[PDB]
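Here is the structure we will look at.
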Amino acid sequence: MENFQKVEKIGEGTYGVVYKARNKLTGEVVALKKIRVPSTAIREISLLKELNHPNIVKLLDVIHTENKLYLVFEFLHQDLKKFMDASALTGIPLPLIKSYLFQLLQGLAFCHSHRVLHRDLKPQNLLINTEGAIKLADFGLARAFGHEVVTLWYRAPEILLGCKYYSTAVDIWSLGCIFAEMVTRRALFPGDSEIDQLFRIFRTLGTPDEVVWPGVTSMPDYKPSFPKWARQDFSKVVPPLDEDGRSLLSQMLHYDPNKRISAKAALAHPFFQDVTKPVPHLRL
Ligand SMILES: COc1ccc2sc3c(c2c1)NC[C@@H](CN)NC3=O
């Protein structure tokens, strides 16, 4: 830690505080996350250091000293949340939306192929650079460790319904929600409690039943007393988006996690037929 000089606080992660810092040896500028240690943690983390991909924020180093764990990450200058807030008036152009969606699907396909799930995808966890890249951040830290409130907006329905042994499908759901948000400039399911989140999902996609999601009625927190809402049109949900886009989104938002499209399959979707890599307008 003496080898690092803090520059500024750039966030309060879920696990601790995050600083922009400079490495006194390498001269490197990095994102330092101070985690306030179980052996089980150390080893799962050391596994993440090897999960290297262009669309995954690189874990540079893991420093364990004095009952503190420090995670040293690659630094990027902006997150999708800020970029979305900044692009609110005209919206992110569709080609850049497609590019970002495509890259994140690549990152997920990679993680998922190695049986690693993100668990907590959200705009604040997706970092961008001037080159038009977008990267998954805080990847794998959820399985590692377990005042600000945790956002539920991107949580898959199987997690909300109490499934303990959920799959890579949860990340696809979250990315579907982010996709919709880029397109419409409004969060898709902005719930403020677990039941509000679930009921917001139900009101748009219809209350799930055994027809569309076999086994749903036996989930830990399923209640027969859930109100029954009918499903709405995707044409109403993400209007501007073309049919290829709406088709892909619908498959990312399937209720049944086993019907939900995989990241690999999604990369082959016709939506990506004309994908390109534009450069964003970023003010840093
Ligand atoms: C700036 O480049 C980075 C790189 C890695 C990481 S990790 C992390 C970051 C962050 C930012 N930002 C604060 C929040 C976002 N969820 N929590 C975190 O743990």
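All of this is worked out from the model, or read from it or from the source named; these are not laboratory values. When we count neighbours, we look across all protein chains shown, and the Cβ atoms used for this are built from the backbone with ideal geometry, even at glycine.
Just checking, how many residues over segment 12-34 are buried (at least 18 other Cβ atoms within 10 Å of the Cβ) and either near the ligand (Cβ under 7 Å from one of its atoms) or outside any strand (DSSP E or B) (or both)?
Of the residues in segment 12-34, 5 are buried (at least 18 other Cβ atoms within 10 Å of the Cβ) and either near the ligand (Cβ under 7 Å from one of its atoms) or outside any strand (DSSP E or B) (or both).
Quick check on my filter: what residues within segment 121-144 are within 16 Å of the ligand (Cβ to nearest atom), surrounded by fewer than 20 Cβ atoms within 10 Å (Cβ to Cβ) and not in a helix (DSSP H, G or I)? Steps first, please.
Residues of segment 121-144 within 16 Å of the ligand (Cβ to nearest atom): 121-131, 133-144.
Then keep just the ones that are surrounded by fewer than 20 Cβ atoms within 10 Å (Cβ to Cβ); that gives 124, 129-131, 133, 142-143.
Result: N129, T130, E131, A133.
Take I92 and decide whether it is touching a strand residue (DSSP E or B) at 6+ places or on another chain (Cβ under 7 Å) and either closer than 28 Å to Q273 by Cα or assigned by CATH to the domain that holds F4 (or both). Don't jump to the end; show me each part of the working.
On the way: touching a strand residue (DSSP E or B) at 6+ places or on another chain (Cβ under 7 Å): no; either closer than 28 Å to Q273 by Cα or assigned by CATH to the domain that holds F4 (or both): yes.
In short, no.
Being on the phi < 0 side of the Ramachandran plot, in a loop (DSSP other than H, G, I, E, B) and more than 9 Å from the ligand (Cβ to nearest atom) is the filter here, so list the residues in segment 59-94 that pass it.
Residues satisfying the conditions are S87, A88, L89, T90, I92, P93.
Please verify whether segment 46-62 includes one or more residues that are under 30 Å from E243 (Cα atoms) and of a type in the set (G, A, S).
No, that holds for no residue.
Looking at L188, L249, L241, which one is in a helix (DSSP H, G or I), surrounded by 19 or more Cβ atoms within 10 Å (Cβ to Cβ) and touching a helix residue (DSSP H, G or I) at 6+ places or on another chain (Cβ under 7 Å)?
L249
For segment 65-94, which residues satisfy the criterion of being closer than 19 Å to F145 by Cα and surrounded by 15 or more Cβ atoms within 10 Å (Cβ to Cβ)?
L69, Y70, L71, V72, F73
Given the options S174, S262, name the one that is closer than 23 Å to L94 by Cα and in contact with a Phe, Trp or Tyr (Cβ under 6 Å, 6 or more places away or on another chain). Even if it seems obvious, please write down each step before you answer.
On the way: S262 fails: in contact with a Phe, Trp or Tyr (Cβ under 6 Å, 6 or more places away or on another chain).
Within the list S174, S262, the selection yields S174.
Which of the residues belonging to segment 47-58 are farther than 23 Å from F272 by Cα and within 16 Å of the ligand (Cβ to nearest atom)?
Just the residues of segment 47-58 that are farther than 23 Å from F272 by Cα, to begin with: 47-52, 57-58.
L48, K49, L51, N52, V57, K58, listed by residue number.
Residue check, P227 against (1) surrounded by fewer than 11 Cβ atoms within 10 Å (Cβ to Cβ); (2) closer than 28 Å to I92 by Cα, all met but one. Which one?
Evaluating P227 over (1) surrounded by fewer than 11 Cβ atoms within 10 Å (Cβ to Cβ); (2) closer than 28 Å to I92 by Cα leaves (2) as the failure.
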